[PDB]
């Protein structure tokens, strides 16, 4: 059941912003590890004396990396005279975020029809304001409300290239890397208590819960067409193996974004290219499941994937799950930075053609138990 109760018109995920200590080095690492191109910048060379911001793109996926300059460069500025291209940016907030949480996502940005109205409706329905609506060059409006922890939900709306004040980057500096990633599928938060988090966010967006004993309890909030998907996790305390959600909250100093799921148009090619680069600057992957997990694939998805395609899943360490409507291919990276906090998921979905409907195959919940039993091959 989909009650289509969005309180304002939401389009698609627009971008994800990381707050960094040095945006250059993180952006360059991510570009090589994920196959994203450098497409826009806002920094000293563009007149921005406040923050350095670099945009990576792959298909429709947009990753923004921002770090503060010395406050001394902009000490004579006031908000009415700022050279910052992102008006919500604040030196003190960014340095406090990074010292507290380490490298992580500050903003989950969605494109809406009217960011001014989205903000006003959100706060009238309980959203905690973070940055009021600001009109950039009479062309784009940005506004921010609190989502969970120190993560904000950013509304962006366009009258009619990323943002005013950003520049297209040099062709020579923009190598056309591409490993197949195409869009953000979903973005997952970790909180200490699921109930209050869900009520708060669903309360100000109108997002509805999306149709679904180790580690977590979870639930997914979805927009009207179910293309914006925001799952939220809480720990389950007191078991034998310590909850990875609890470990996250300890090392992150509280609630924050846990993982970003990136859709690939060819997950076999994406993982081939990412795994080739794991030990030469890219990203590492969780340990692969045992061969018994793939011996058990035939009975569950043997009508969807060939034996060769199943053998191909086994080489790359890909996980497979199944809903009533679709099939899910997925895999998880090791943490993206120093702390055991944020990581990335690569996914591809098959089934549910109409365009493909959102969340086709779900989110992999059945893999927890399929892993444990397959990891009970300590007798073979």
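Numbering follows the first chain given and starts at 1. We call the rigid core the largest set of C-alpha positions that still match within 1.5 Å between the two forms.
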If you line up the core and then measure how far each C-alpha sits from this form in 8 other deposited structures of this protein, which stretch comes out higher, 179-187 or 162-170?
-> 162-170
Gap at residue 240 across at least one third of the other PDB entries = yes
Do at least a third of the other compared PDB entries leave residue 79 without coordinates?
-> yes
How much of the deposited sequence is absent from the coordinates between residue 354 and residue 355: none, 1 to 3, 4 to 9, or 10 or more residues?
-> 4 to 9
In the deposited sequence, how many residues between residue 212 and residue 213 have no modelled coordinates (none, 1 to 3, 4 to 9, 10 or more)?
-> 4 to 9
Between 239-247 and 83-91, which has the higher average C-alpha B-factor in the PDB entry?
-> 239-247
Average Cα temperature factor in the PDB entry - higher stretch of 55-63, 310-318 | 310-318
At the C-alpha atoms, which of 73, 121, 271, 172 reaches the highest B-factor in this entry?
-> 172
Going by the deposited entry, which of 154, 298, 183, 276 has the highest CA temperature factor?
-> 298
Within this chain, which third does the Cα B-factor at residue 168 fall in: lowest, middle or highest?
-> highest
Chain-relative C-alpha B factor for residue 371 (record values, thirds): the highest
Would you please rank residue 335 by its C-alpha temperature factor against the other modelled residues of its chain and give the third it falls in: lowest, middle or highest?
-> lowest
Split the chain's modelled residues into thirds by Cα B-factor; is residue 304 in the lowest, middle or highest one?
-> highest
Of the three thirds of its chain by CA temperature factor, lowest, middle or highest, which one includes residue 139?
-> highest
